[PDB]
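Summary of structural features
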Amino acid sequence: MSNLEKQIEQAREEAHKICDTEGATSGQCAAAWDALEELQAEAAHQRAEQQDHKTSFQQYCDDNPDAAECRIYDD
Amino acid sequence: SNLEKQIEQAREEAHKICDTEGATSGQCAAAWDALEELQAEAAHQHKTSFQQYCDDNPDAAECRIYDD
Amino acid sequence: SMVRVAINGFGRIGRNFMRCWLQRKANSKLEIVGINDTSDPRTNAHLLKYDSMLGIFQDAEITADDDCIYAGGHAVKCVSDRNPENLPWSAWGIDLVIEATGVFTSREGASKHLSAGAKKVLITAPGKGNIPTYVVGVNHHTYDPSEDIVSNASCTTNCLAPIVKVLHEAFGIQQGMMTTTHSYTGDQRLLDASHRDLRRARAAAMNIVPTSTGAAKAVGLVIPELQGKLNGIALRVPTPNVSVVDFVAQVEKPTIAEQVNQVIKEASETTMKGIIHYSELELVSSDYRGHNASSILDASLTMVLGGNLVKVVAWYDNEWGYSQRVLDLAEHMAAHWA
Amino acid sequence: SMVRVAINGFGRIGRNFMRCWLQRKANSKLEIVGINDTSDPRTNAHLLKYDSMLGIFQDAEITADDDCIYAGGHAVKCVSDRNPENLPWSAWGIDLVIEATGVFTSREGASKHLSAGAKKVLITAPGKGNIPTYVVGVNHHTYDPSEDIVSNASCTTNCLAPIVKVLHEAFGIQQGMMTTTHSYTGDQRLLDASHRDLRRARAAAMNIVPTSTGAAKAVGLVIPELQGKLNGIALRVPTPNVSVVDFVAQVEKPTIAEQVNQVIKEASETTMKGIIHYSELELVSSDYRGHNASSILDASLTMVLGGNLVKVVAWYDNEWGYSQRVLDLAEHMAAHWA
Amino acid sequence: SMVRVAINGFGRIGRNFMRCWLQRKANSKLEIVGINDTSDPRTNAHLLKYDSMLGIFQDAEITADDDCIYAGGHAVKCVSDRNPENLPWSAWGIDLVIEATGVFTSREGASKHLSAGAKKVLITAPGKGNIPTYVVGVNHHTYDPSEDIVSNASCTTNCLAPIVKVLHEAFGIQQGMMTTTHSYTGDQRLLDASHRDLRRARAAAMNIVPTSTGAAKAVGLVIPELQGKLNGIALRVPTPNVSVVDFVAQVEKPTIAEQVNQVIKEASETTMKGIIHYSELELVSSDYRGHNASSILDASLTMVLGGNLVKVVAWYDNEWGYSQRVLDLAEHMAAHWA
Amino acid sequence: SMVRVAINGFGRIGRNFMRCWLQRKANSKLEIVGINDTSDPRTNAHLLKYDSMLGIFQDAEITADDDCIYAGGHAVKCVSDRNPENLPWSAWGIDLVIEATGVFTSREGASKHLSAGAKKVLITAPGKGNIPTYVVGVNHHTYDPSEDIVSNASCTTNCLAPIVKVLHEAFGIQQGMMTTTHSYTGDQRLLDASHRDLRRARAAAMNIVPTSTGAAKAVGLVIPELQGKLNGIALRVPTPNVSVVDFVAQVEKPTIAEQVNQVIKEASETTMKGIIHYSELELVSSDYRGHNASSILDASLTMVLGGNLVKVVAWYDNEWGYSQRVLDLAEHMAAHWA
Ligand SMILES: NC(=O)c1ccc[n+]([C@@H]2O[C@H](COP(=O)([O-])OP(=O)(O)OC[C@H]3O[C@@H](n4cnc5c(N)ncnc54)[C@H](O)[C@@H]3O)[C@@H](O)[C@H]2O)c1
Ligand SMILES: NC(=O)c1ccc[n+]([C@@H]2O[C@H](COP(=O)([O-])OP(=O)(O)OC[C@H]3O[C@@H](n4cnc5c(N)ncnc54)[C@H](O)[C@@H]3O)[C@@H](O)[C@H]2O)c1
Ligand SMILES: NC(=O)c1ccc[n+]([C@@H]2O[C@H](COP(=O)([O-])OP(=O)(O)OC[C@H]3O[C@@H](n4cnc5c(N)ncnc54)[C@H](O)[C@@H]3O)[C@@H](O)[C@H]2O)c1
Ligand SMILES: NC(=O)c1ccc[n+]([C@@H]2O[C@H](COP(=O)([O-])OP(=O)(O)OC[C@H]3O[C@@H](n4cnc5c(N)ncnc54)[C@H](O)[C@@H]3O)[C@@H](O)[C@H]2O)c1
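Its PDB record attributes the structure to X-ray crystallography, giving the resolution as 2.100 Å.

Right, let's talk about the UniProt feature "binding site: D-glyceraldehyde 3-phosphate" (unreviewed entry) in chain C for a bit. Sites flagged by UniProt as "binding site: D-glyceraldehyde 3-phosphate" (unreviewed entry) map to C:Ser154, C:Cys155, C:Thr156, C:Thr185, C:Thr213, C:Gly214 and C:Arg236. Residue placement: C:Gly214 occurs in the loop between strand 12 (209-212) and helix 7 (215-222). Locating C:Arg236 in the fold gives a position in strand 13 (residues 230-237). At a separation of 2.9 Å, a polar atom in the side chain of C:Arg236 contacts the side chain of A:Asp75.

On to the sheet that holds strand 1 (residues 3-8) of chain C. Residue and element names in this part refer to chain C. Pairing in this open sheet of eight strands is mixed, and the strands run 5-6-7-2-1-8-9-10 from one edge to the other. Looking along the sheet, the strands with just one partner apiece sit at the ends: strand 5 (62-64) and strand 10 (149-151). Averaged over all neighbouring strand pairs, the angle between strand axes comes to 25°, with direction disregarded. Pairing of strand 2 (residues 30-36) with strand 7 (residues 74-79) involves three bridges; the strand directions are parallel. Within strand 7, the residue paired with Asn36 across the bridge is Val79.

Below, the discussion takes up the relation of the copies chain D and chain C. With an RMSD of 0.2 Å, chain D superimposes on chain C once it is rotated by 180° and translated 0.0 Å along the axis. Here the two chains are linked by the operation of a two-fold rotation axis. Residue D:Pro238 of chain D places its C-alpha closer to the rotation axis than any other residue of that unit, at 2.8 Å. Looking at chain D, 100% of its interface residues are interface residues in chain C too, so the copies touch through the same face.

Under the feature "binding site: NAD(+)" (unreviewed entry), the UniProt entry names A:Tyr73 and A:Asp75. With respect to the helices and strands, A:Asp75 occurs in the segment after helix 3 (56-63). Take A:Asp75: its relative accessible area is 6%, and that puts it in the buried class. Not counting residues within four places of it along the chain, the set of residues in contact with A:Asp75 comprises C:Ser154, C:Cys155, C:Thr156, C:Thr180, C:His182, C:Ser183, C:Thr185, C:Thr213, C:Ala215, C:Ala234 and C:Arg236. In terms of polar contacts, A:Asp75 uses its side chain to reach the side chain of C:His182, at 3.4 Å.

Glancing now at the packing of aromatic side chains. One pass over the full model with this rule turns up 13 aromatic pairs over all chains. Between the aromatic rings of B:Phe50 and B:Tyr53, the centroid separation amounts to 6.4 Å while the plane-to-plane angle is 20°, which identifies the pairing as stacked. Of the two residues, B:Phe50 and B:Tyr53 are both situated in helix 3 (residues 49-56); the distance of three residues between them amounts to about one turn of the helix. Of the two residues examined, B:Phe50 and B:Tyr53, each falls in the buried class. Taking 5.2 Å as the distance between ring centres and 25° as the angle between the ring planes, the aromatic pair formed by C:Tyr288 and C:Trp315 counts as stacked. Here C:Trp315 lies in strand 18 (residues 309-316) and C:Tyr288 lies in the loop between strand 15 (276-279) and strand 16 (295-298), a separation of 27 residues in the sequence. For the pair C:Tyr288 and C:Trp315, a shared accessibility class is recorded, and that class is buried. We note C:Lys120 situated over the ring of C:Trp337; from NZ or CZ to the ring centre the distance is 4.3 Å.

As a matter of local geometry, ligand 3 sits amid 20 residues, with E:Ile13, E:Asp37, E:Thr38, E:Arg82 and E:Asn318 nearest to it. More than one chain reaches ligand 3: its neighbouring residues belong to chains B and E. E:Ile13 has a polar backbone atom sitting 3.0 Å from an oxygen atom of ligand 3. Note that a nitrogen atom of ligand 3 is positioned 3.0 Å from one of the backbone N or O atoms of E:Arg82. Calculation on ligand 3 without its partners gives an accessible area of 830 Å², and the protein chains cover 83% of this total. Of the residues assigned to the shell around ligand 3, the class counts are seven nonpolar, eight polar and five charged.

With that settled, consider the interface of chain B and chain D. Contacts between the two partners involve 14 residues from chain B and, on the opposite side, 26 residues from chain D. Around 1,600 Å² of area is buried between chain B and chain D when both sides are counted, 47% of it from carbon and sulfur atoms. Sorting the residues of chain B by area buried against chain D places B:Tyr66, B:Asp67 and B:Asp68 first, and these three jointly supply 46% of that buried surface. Between the two partners, chain B and chain D, sit two salt bridges. With a closest N to O distance of 3.0 Å, B:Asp68 and D:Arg236 form a salt bridge. The interface formed by chain B and chain D includes 14 residue pairs in polar contact.

Moving on, we get to the sheet that holds strand 7 (residues 75-79) of chain D. All names here are of chain D. Here we have eight strands laid out as an open sheet, ordered 5-6-7-2-1-8-9-10, and mixed in their pairing. The sheet is open, and its two borders are formed by strand 5 (62-64) and strand 10 (149-151), each paired with just one other strand. Sheet twist, expressed as the average angle between the axes of neighbouring strands with direction ignored, equals 25°. Bridge count between strand 8 (residues 96-99) and strand 9 (residues 120-123): four bridges; the pairing is parallel. Bridge pairing links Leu96 to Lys120 in strand 9.

Residues given the UniProt feature "domain: CP12" (unreviewed entry) here are residues 4-75 of chain A. Helix and strand shares over residues 4-75 of chain A are 71% and 0% respectively, and the end C-alpha atoms of the span are 38 Å apart.

Right, let's get into the packing of helix 1 (residues 12-23) of chain C against helix 2 (residues 41-49) of chain C. Between two packed helices, both the angle of their axes relative to each other and the distance between the axes serve to describe the pair. Residues and elements named next belong to chain C. Interaxial distance between helix 1 and helix 2 falls to 10 Å at its minimum, and their mutual angle equals 65°. In terms of axis orientation, helix 1 runs roughly perpendicular to helix 2. For the element pair helix 1 and helix 2, the recorded crossing hand is right-handed. Side by side, helix 1 and helix 2 meet where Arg15, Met18 and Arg19 of the first sit next to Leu47, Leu48 and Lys49 of the second. Residue composition of the contact of helix 1 with helix 2, grouped by class: three nonpolar, no polar and three charged.

With that settled, the discussion passes to the site of ligand 4. Ligand 4 sits among 20 residues. The nearest are F:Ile13, F:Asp37, F:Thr38, F:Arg82 and F:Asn318. Those chains with residues close to ligand 4 are chains A and F. Note that an oxygen atom of ligand 4 is positioned 3.0 Å from one of the backbone N or O atoms of F:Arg12. Within the contact set of ligand 4, an oxygen atom lies 2.8 Å away from a side-chain nitrogen or oxygen of F:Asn318. Burial of ligand 4 by the surrounding chains reaches 82%, relative to a free accessible area of 830 Å².

Thresholds applied
- Shown numbers run from 1 along every chain as its sequence is written, which may differ from how the entry numbers residues; residues without coordinates are omitted from display.
- Numbering of ligands from 1 and lettering of chains from A proceed in the order in which they are written.
- Based on all heavy atoms of the structure, the side-chain values leave hydrogens and waters out of the count.
- Residues with missing side-chain atoms are left out of burial classes, side-chain pairs and their counts.
- UniProt positions are given in the numbering used here, feature names are shortened, and annotations may be inferred rather than shown by experiment.
- Numbering of helices and strands runs from the N terminus, with a helix taken as a DSSP run of H or I at least four residues long and a strand as a DSSP run of E at least two residues long.
- N or O atoms within 3.5 Å of each other form a polar contact, as long as, within protein, one can give a hydrogen and the other can take it, and as long as residues adjacent in sequence are counted only when both atoms are side-chain atoms.
- A pair of strands is considered paired only if DSSP assigns at least 2 bridges between the two.
- Note on geometry: axes are C-alpha line fits, over the in-contact stretch for helices, and angles between N-to-C directions span 0 to 180 degrees.
- A least-squares fit on C-alpha atoms is used to superpose the copies onto one another.
- Any pair of residues with heavy atoms lying within 4.5 Å of one another is described as a contacting pair.
- Exposure classes here rest on a 1.4 Å probe applied to the protein chains alone. A residue is buried below 20% of its type maximum, exposed above 50%, and partly exposed in between.
- For this analysis, a ring pair means two rings from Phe, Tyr or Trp (six-membered ring only for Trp) whose centres lie within 6.5 Å, classed as stacked if their planes differ by under 30 degrees, edge-to-face if by over 60, and tilted for the remaining angles.
- Any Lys NZ or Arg CZ found within 6 Å of a ring centre and within 35 degrees of that ring's normal is scored as a charge over the ring.
- It suffices for a single heavy atom of a residue to lie within 4 Å of a molecule or strand for the residue to be listed as near it.
- Computed with a 1.4 Å probe, the accessible areas rest on the Shrake-Rupley method; for each residue, only the protein chains presented here act as cover.
- Only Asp, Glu, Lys and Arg are considered charged in this grouping, and only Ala, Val, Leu, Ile, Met, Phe, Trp, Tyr, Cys and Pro are considered nonpolar; every other residue, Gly among them, is considered polar.
- The quantity reported as buried area is the accessible area (1.4 Å probe) lost by two parts once they are put together, taken as the sum for both.
- A pairing counts as a salt bridge when a side-chain nitrogen of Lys or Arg comes within 4 Å of a carboxyl oxygen of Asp or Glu.
- Convention used here: angles under 35 degrees read as roughly parallel, angles over 145 as roughly antiparallel, angles from 65 to 115 as roughly perpendicular, and any remaining angle as oblique.
- Crossing handedness is read from the near helix: turned anticlockwise from the far helix by less than a right angle, it gives a left-handed crossing, and turned clockwise, a right-handed one.

Here you go:
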């Protein structure tokens, strides 16, 4: 998460810059808040999956159920 | 010999009629009844070429039976 | 009038379903008006027309533009959004979503279509969690118009459950074991490659591949008395479509093979017509492409040991027969739409 | 001295058997000195060296001329007569004939080798009629030197009988049903073509093909207490080698899957060592190419219902593992020749 | 006033021909009245109906007894004699024999049908020796009604020769090389087994198998100006039907791919209509199953280097398209019956 | 000294490459210390050991825990990051990355390993843009040690370019067309499914699938004399590994087939030893599994028309032979590290 936390910091800084310039209730502000919130949510997803001793591969499969590596068709 | 000539014909007629008119049709019933009436004489009185071929050539592709 | 249907996931089942409807469109209360899928309309139209398994669609012309697929003039609007929440089911007026992505099989996942504005969702797969599951011919008459999320179960469940219902009502099934020798499906890798399931990781067209399956246990959802009394496994083999289920049951009333076959033959001419088909011919898998039944009993293979140990074998076209049943369930929901 | 062996029929089993012997040539009581086959020595030497399933033979150089195949200087004289009565078995001092044509499986047929001068015949297939049948690890120590025509059963019987013996001694088998999902074999046509068996008539690499089989009934020959209590079928699928047997049995002593697996595991370490291999790995058919065990229990797939209904699943290399048992049985006969 | 026809060899081509004629029967000068084959009629009728490649025959019922197969109430007399001199052609009133066994392609062998009472023989293969060879659309109007044994050439020659004729007349072919990437045929082995061709001996569904072919030299027989100027090879691959020819030629009049394609498209709409189909679609082999053309030019693949080195690629259904040509040639012979 | 190597993308090429190095470990200046891939170490150890195409790895024991794969007790650290910018190349001391994901073949993508800490990147594919491209045995001695990103071209270019080089030096290639009949690969679909390329969308084990290819044009990158003089296409066919190039060239010096073969044979014995193998044996694709050479000329198929139109046919194991050349190039880079 050390890399992801750097993405949260850059995404927080840009969110505050956009929201204070383009307006607290604007489209760019709502979108930039989205980027920060989505990252924060996956920082908590990845954190709760690490305490499950879940590999990064299994975190990938939870985020990408449609991927060729993750499809389980119960024939 | 001459009566199985008839039976052969009656069988062809039953196949042609039942395939064009349907197994449940009266025509198909009449055709088969004509056949059974003629085979009743066979009571008053074999290996196919393919079978004999597999007897002679059990290694041929047409004849192999491997018990898997 | 008619129910507005959208397909989510235009894959093998999605496209088989679409072709099933086009063949039965004359007598139908469903209108397919929308598709969501990972691909663009032109790719979707090409794959709908040119099918390695079904052959070239010839009933109607198929074309496409930036926005729609057209099948014989009648238009189908297309969109590409992975997240069902954003789907324009509102704007499109979607009543029923055919959920065939393979990924939104839980109530949480499937209900996202309802947030986007559809009334009901039909999952072409077993539900995760307590979603009502139906098998047409077995329990589809217990469908309540008040259910907004439904499962049509798996293809193997659709083959096995009608046969089990016949044998259970005729002889009394005490326990039951299943093996489906199954065509490979799109969840297996083409060559040895990363997969969460080490068996599905392996080259599908090179290998016999066992997989665990819930399909036999799920018969107990549509036949409640047999809950916990059935189990089985799957063997994926290198054929691209058509499968066969092998079922061995311990039964209560002693019987013989001739009597088992007669019981299934009579049921297929009466209570299970169109669902079970009875065959005494010595056919192979290719001959069952496009068969509309959920199950084709191969009567030649039936055997009984000791009066009470029964083996039956049944074919099913896992893409096309199942999709016919999806359409059957959708028409039933439409005929009883509340 | 050495027991001198001729192979009649240099096909998949005849050539697998030959390569099995070449690899165990150092410790062996057998000396392969002759081959009879419908083809010439140069063709058969090419096929012996270049095998689509086993790869290129690496151990010894393989050469041929008009009369002999040479496998590392070791010379194997060759002849090509479809009538075994005409074979030079007396002149070549043949003790043991490996009957691998698939054609002379009755006493009358196999005895033509005895008329030609051989002392004993080992049929690589079930016998027709009353021919003593052996599965190594099950009943091969019952072999009597005075039996001059014997059968090594089929590949499916060799996989199933060891498991059946273990399960019967531990739990008491009352009845049992089998399905083998089997690689296609050379008795099936490549494309739809003439055949006396309407299912073997069909294109083998495009189809799941059911066939009847005596392989489960044959287990009652090597385990006589189970005679009449076993039956089953075969399903040929588009793989060229390696098969898998699915066995469902009613047992007398109540049990669970963990106990069934533990019993077969213990046997694999003791009374069935080298015959049964117990695996808890999630493998697929290609991984069992060249495996020497007659049966590889896929422990992950074991299931039990209600204590008494038991399903086990076992892999086998129907070409190579079986030929290893043919080699084993012939070595046993050499050690008990009189 | 219809020509009475017997089929010798009811194999892939024999039965594809039969099903071609059954569909075109309403407009035909031919009545198929007889079949000779290794198989009995009940085997032959089963395989005529149930075809892994063509699917189940739908247009009419097909049954058999000991003596005939019946297709929609039309009886076809059957016999099983492997020596054509013994065949009842005089008794059955046979005019034309379709020689599709693959073993009577010499004049001497084909002529055995004449002494049994047939009037003419059409060999569904290249002839061995001095047999007039025809490709419909290339040279079939040079047919002489006084010829009693003719060859329809091979499937590859029927695909290549129409394109070669169009290219030659447009640009002047000086030399040309060919490779047909070709579905496997019944002449190959399912698993490694003896064969006069050491490559065709090898497992056909597991290998790319190079074989030689006279099919490019055979183009010189039907375009005499190009005799000696064409050669090539085959690569047999693991598909059961549909093939593709790749032709690289040195031409005399410099051009570009767009003009090569235009020339062939114009001919496919005029002088080669029904023979050559011009395709700009991005399809695969499955999509050309059942196509009636001898050659389907895949126009996206055409390329030209330095003006004079031209590559073209054409599909053909080697069973069905070729059988359509056999029937065309037979109808032509029937229209010029002297 | 030893060059520390990490593999990015543990797929077909990455795992073949790993097994190539493990067998050459005693005579190598490379040390494989790291792997990045989608899956975890346990999954990747399983797939490295159990390979449907290569069989079970025999040489060294393979195990894994949560952090590492162990091969012969040698530990290989594993990570799973889709973004190469984040990989621990500096911490792990990586000198060379094998770029085998198929996703980072442009300078923008591959340079992410450089900013992550690696010193050089070797792309196991054509490099996009101005990335220097090498074929070992053709131009790898033009490698400049100051290059930070290099490409090993494609498998087909590695087959074609050595033969092109030998033919060009002896006879003078003016122009040439290529068709590769090629095993399917992971970029195709198991069953008809969405794909940017509408032909690779189609079920790979069912179809012959034409695709355009850069491989013949790319020969001009490593033989600049011939830039713009070569073109060609691919046909993907239902085999999982091993391919064959069919090359038709216009040459300046007239020649005959025996002389073409002698020239290639002579090069295979001298300057091209281990790159080109010359075969007069009648083999099929399965026989070339695991062959170390980039190109195996099939001499029986060589033909020449009119003296100046030459056809040669060459086999290649597209997974293993290619990975041997990746290893070869990495070894060359390590021998000239700067
Ligand atoms: N194929 C069968 O035999 C069969 C039979 C019965 C049931 N099923 C079930 O039906 C479901 C689909 O199976 P299939 O064989 O059609 O698989 P498939 O992979 O061919 O089809 C899945 C389709 O959905 C698309 N998709 C994936 N994620 C998506 C998303 N987030 N949004 C929109 N589209 C998305 C894919 O691109 C693909 O087009 C599976 O649950 C399967 O178990 C399959
Ligand atoms: N393939 C398997 O998995 C397998 C396993 C166990 C047992 N078997 C049994 O072993 C026997 C051989 O099967 P296979 O797969 O090796 O078949 P195959 O067709 O590959 O081999 C048979 C060989 O015998 C030759 N042959 C046929 N008739 C002959 C004659 N009259 N004289 C001399 N040679 C003759 C054939 O040319 C061929 O070389 C069969 O009975 C089969 O049921 C096969
Ligand atoms: N399959 C193709 O793509 C194709 C295309 C064009 C031409 N051909 C040619 O057609 C001919 C038949 O090929 P096919 O693919 O139909 O092969 P096939 O093996 O499917 O058919 C041959 C039929 O003839 C029978 N037969 C063999 N010997 C016989 C005899 N002595 N008497 C009577 N019947 C006998 C066989 O049992 C079989 O039914 C060959 O000459 C072949 O080269 C084949
Ligand atoms: N297979 C061949 O015959 C062959 C021959 C020569 C070159 N190539 C080339 O080699 C490359 C790999 O081909 P392949 O057949 O091994 O494909 P593959 O799909 O088998 O291998 C790709 C591997 O990389 C992993 N991967 C994907 N994205 C990743 C990411 N962002 N980070 C880390 N790992 C990732 C995958 O999960 C997979 O394990 C391709 O460029 C291909 O063009 C292939």
